[PDB]
C-alpha cells in the first residue's frame, strides 16, 4: 500500500547487531525470580493430585 | 533523538571490524566453524577439558571430511583438530583457562543468532504471554508505595485464592492438557537457558576493569590509601554498572538455598512427567535436570576467576 | 508472447465465469485490477512491492489493449474484456497452444 515495512530478516539482522551493545543482561536476580515463580506455577498446574 | 546517528555508523563499523562474532559471521567458511563449535559445546557443563576437546573435534572433523570443497584434511584429523583449535583461540573465539577451554561471549552470540535464524520451534511459546502477564502483575503491584493499593491488591489476590481453594477442596481442580503442558515446559526451558547467557559477559567486564586499573596505575604517585578503598570500589563501580551489580545480586539471590531447594525438587517432578520427553529431547532434558548444579559450579568459577582481580591489589600496592 | 498468453488465459477464465451468469449478453465482462494481481503473483513471483507488480500488470494490460483484448483501466481501476478474446482463446487455439507448451516443457526437461 505504498508503505515500506521491515521484513523478518531485517528484524533479525538488527536485533543481532543491537545485542552487541552495553545493556542489562538476562542473568539477573529478577530473571531467577521469574523462572522460580514459573517453575512453581507450572509444577502446581501439572501434578493432578488434588 | 538522531544526532547520535553519525556516531552510530562509526560504532557499527567498529563492531564490524573488531567484534569477533560479526567477523566470524562474515567469513567464507562461517557455517562450518559455527556448526562444529555448536556440536562441540552442546555437551559442555564446565569448560570442556582440552584433551576431550581435541578428540571430539577430531571426530567432528571426521564427520565432515566428505566436504572437500572446504579444503578439509585427509591425512590426520587429530592434527587438523588441534590446528583448528589453536586457530580459533587466536581468533579470540575460544579461550584456555586451567587447561579447560570455554566459549567466549562472541561465540555465544553468534550461535544464538544462527540458531534463531532458521525455521524451527520458535523462541516464544503459547505460555510466554501468561508469563509476561504474571510478571507485569507482580512488578506493578510492587512498584508503587501506596499502602492502600498494596492492601487492595492483596485483598483481591487472597479472595481469588480463597475461591480457588474452595473449588479445589470441592474437587473441580484443573490441570494442563497435554499440548498446553508441552508449551509450558518448552517456555520454562527457554527461560532457564537464559541464565547461562551472561556468565561470560561478567568475566570480561572484570577483566577489562582490572586491566584499566592496572594501566592507570602507571602513574604510581597516586595514594595507595585511595586503593585501600578502591579494593571495594572496583566492585562498587561495576555495581553502578549492570555487570557487577546484577551479578552480585544474582549471587545473593542464588545463595538462598531454600528457594533453590524448592526449584530443584520441582524441576525433578516436572521432568518426570511424561510430556517432558515430548517437550525436550535427551540432551535438553539432562541439561535442565541439573541446571542448579550448572549455575552453582559456573558462578563459583566466575568468583574464583575474579579472585585474580582480588589479588591485583597485592600486585599494585606492594613495592618491596 | 507467453506472459501475455498467460494473462489472456486468466482473462478468458474470468470471461467464461461471467458469461455463465450473464449468458451471451452485451460486454459487461468487467474485473477489478486488484483481482488479477493474486493470480499473476503465482506464476510471475512476488517482488515484494505491490506498486511494482501493479506496474508490471498494467504494462501487460497495455500490451493486450494493443491487441484489442481489453480496454484500458477506467477510473475505478476496472477493465472490460473485449469479447474478441473468446475467438483468440477458443478451444482449437487453446489445444494447439497446449500441445506446443507441453513440447516446450519436454525440451526444458
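Readers should treat all values here as calculations from the given coordinates under stated rules, not as data from a laboratory. Note that we place each Cβ from the backbone using ideal geometry, even for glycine, and neighbour counts take in every protein chain shown.
Residues within the reach of a label modelled at residue B:134 (point 7 angstrom out along Cα to beta-carbon, backbone nitrogen below 14 Å), restricted to region B:263-277, are B:263, B:266-267, B:270. Take every pair of alpha-carbon atoms less than 8 Å apart whose residues are at least six positions apart; their mean separation over the length of chain B yields a relative contact order of 16 percent. Among B:23, B:227, B:185, which one shows the biggest mean-square fluctuation in a GNM of chain B, springs joining Cα atoms closer than 10 Å? Among B:23, B:227, B:185, the largest GNM mean-square fluctuation belongs to B:227. Across the alpha-carbon atoms of region B:192-320, the computed radius of gyration and Dmax are 19.6, 67 angstrom. In chain A, the inverse of the mean reciprocal separation of distinct Cα atoms equals 14.9 Å; this is its Kirkwood hydrodynamic radius.
Pairs of C-alpha atoms in the protein assembly as shown farther apart than 38 Å represent 52 percent of all such pairs.
Here, region B:30-100 yields an orientationally averaged convex hull projection of 4.6 nm² when only Cα atoms define the hull. With N counted as the residues of region B:41-163, its alpha-carbon radius of gyration over 2.2 N^0.38 Å works out to 1.82. Across peptide A:17-26, the mean count of Cβ atoms from other chains lying within 10 Å of each residue's own Cβ comes to 6. Max-minus-min Cα coordinates of region B:114-160 on each principal axis give 50, 22, 8 Å, with the largest extent listed first.
A Gaussian network model of chain B, with springs between Cα atoms under 10 Å, assigns the largest mean-square fluctuation among B:142, B:285, B:255 to B:142. Using only Cα atoms, tell me the angle between helix A:29-46 and the longest principal axis of chain A; keep it within 0 to 90° and round to the nearest 10. For A:29-46 against chain A, the angle is about 60 degrees. Evaluated over the Cα positions of region C:1-52, the convex hull gives a direction-averaged projected area, one quarter of its surface, of 4.3 nm². With a Förster radius of 35 Å applied to the C-beta separation of residue B:89 and residue B:146, the computed FRET efficiency comes to 0.05. For region B:245-286, the alpha-carbon radius of gyration amounts to 1.52 times the rule-of-thumb value 2.2 N^0.38 Å expected for a compact globular protein. Indicate the gyration tensor shape class of region C:65-109 (rounded, prolate or oblate), computed on the Cα atoms with a ≥ b ≥ c the square roots of the eigenvalues: a/c under 1.5 is rounded; otherwise a/b larger than b/c is prolate and the rest oblate. Because a/c hits 1.5 or more and a/b exceeds b/c, region C:65-109 counts as prolate. Using the alpha-carbon positions of chain C, Rg (one decimal) and Dmax (whole number) come out as 14.6, 45 Å. The alpha carbon centroids of region A:15-50 and region B:188-210 are separated by 14 Å. Note on chain B: GNM, Cα springs under 10 Å; of B:45, B:223, B:64, the largest mean-square fluctuation is that of B:223. Normalised by 2.2 N^0.38 Å, where N counts its residues, the alpha-carbon radius of gyration of region B:105-241 equals 1.71.
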